[PDB]
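What follows is a single structure, written as structure tokens, with notes after it.
In the text below, chain A, chain B and the rest are named by the order of the sequence lines, each starting its count at 1. Basis for what follows: all heavy atoms, side chains included, without hydrogens, waters or symmetry-related copies.
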Amino acid sequence: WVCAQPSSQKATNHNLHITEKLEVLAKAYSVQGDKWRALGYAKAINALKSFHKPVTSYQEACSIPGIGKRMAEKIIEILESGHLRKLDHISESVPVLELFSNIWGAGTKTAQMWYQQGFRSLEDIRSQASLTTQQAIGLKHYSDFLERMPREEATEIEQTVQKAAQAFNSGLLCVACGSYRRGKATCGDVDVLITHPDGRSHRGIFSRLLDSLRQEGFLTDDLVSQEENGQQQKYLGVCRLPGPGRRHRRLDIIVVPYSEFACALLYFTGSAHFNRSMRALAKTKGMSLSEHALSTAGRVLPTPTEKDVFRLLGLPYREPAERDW
DNA sequence: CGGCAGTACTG
DNA sequence: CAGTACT
DNA sequence: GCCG
Ligand SMILES: [Cl-]
Ligand SMILES: [Cl-]
Ligand SMILES: [Mg+2]
Ligand code: NA
Ligand code: NA
Ligand code: NA
């Protein structure tokens, strides 16, 4: 279980020559839609990174959880010949599929459809493809959404959101989560979690917050924002700080009731692989973990803090920086 | 043999 | 619903 | 792809 171990184990990858090759294959399977095969590769790559020494034999490889016969056969090939033959036999569509699936709002199904229809470049997409509203925004920001920002900029973005929220309710609590909270030097987007310790005033805040942030020109486009019925849980969109030298940045906001704060903080801090491992562990123990609660397979268990979730799952606590799986 | 996380929008 | 998205 |  990855969630039972510190992610600092990957700080020194004694198997980088193997993992750099498997990562190419994992991405090729992923963009072609074979998500489960790609997941198996992702987990094997993480196991190889965290392993304490270079892998040198077939029996050694199989002893690692996440590495089976077929993955072991690939390891010994790399060790004996320095090359992996399958990398020379990837489907020729893969580079274009990767290009297309990096449009926000397009996944494997859309990329494969565009490829089938004869498109091969973003010029083809721009001029000839049918784009959803979201995908047209993704394309307009194609380069910017592949950039990571310095964490100092993420601080500025969180503070912009926080100042706007607290301007109409000074008791609101705002926390930047994701890779920022895990201590990374750069961040792909800014994840802001908002709650209120009174357990009630979090309701009806999205409408005022978003209009405030629109009034000052901070939000430049919206991707996901269900503002019609008042039950909105998340906002996914695009922002840009004022002044020269600023790029458009992805911004994700969730508003949660205080009773769900610890589970929401755990979820939104990630990493994604950390969450999937913790949720899988919960299932083996007759429980279920979501952004809303830790439950039995059910009864909601009391989790006032992140530490309580770890404890109820029988896991030693990990600080956010040690969840970077 | 079948799961592989669990959830929130969009149209 | 399927697709894509969040961590 | 891996695992129970
Ligand atoms: Cl969730
Ligand atoms: Cl906490
Ligand atoms: Mg985000
Ligand atoms: Na290691
Ligand atoms: Na194994
Ligand atoms: Na995409």
By nearest atom, which of the nucleotides [options] is closest to the [X] side chain?
| X | options | value |
| --- | --- | --- |
| A:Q232 | C:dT4, B:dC9, B:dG6 | B:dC9 |
| A:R279 | C:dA5, B:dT10, B:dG6 | B:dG6 |
| A:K109 | B:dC9, C:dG3, D:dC2 | C:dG3 |
| A:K74 | B:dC9, D:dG1, C:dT7 | D:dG1 |
| A:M71 | C:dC6, B:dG11, D:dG1 | D:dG1 |
| A:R37 | D:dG1, C:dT7, B:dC9 | D:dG1 |
| A:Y267 | B:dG11, C:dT7, C:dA5 | C:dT7 |
| A:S288 | C:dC6, B:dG6, D:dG1 | B:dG6 |
| A:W104 | D:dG1, C:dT7, C:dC6 | C:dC6 |

Side-chain-base donor-acceptor pair under 3.5 Å for A:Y41 and D:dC2: no
With sequence neighbours excluded, residues passing side chain to side chain contact (heavy atoms under 4.5 Å, CB included) with A:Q135: A:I103, A:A106, A:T110, A:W114, A:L131, A:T132
Residue pair A:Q32 / A:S91, side-chain donor-acceptor N/O under 3.5 Å: yes
A:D222 versus A:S225, side-chain donor and acceptor atoms under 3.5 Å: no
Test side chain to side chain donor-acceptor pair (under 3.5 Å) applied to A:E147 - qualifying residues, sequence neighbours left out: A:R249
How far does the [atom1] atom of [N] sit from the matching atom of [M], given to the nearest Å?
| N | M | atom1 | value |
| --- | --- | --- | --- |
| B:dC4 | C:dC1 | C1' | 22 Å |
| B:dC1 | C:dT4 | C1' | 29 Å |
| B:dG2 | C:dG3 | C1' | 23 Å |

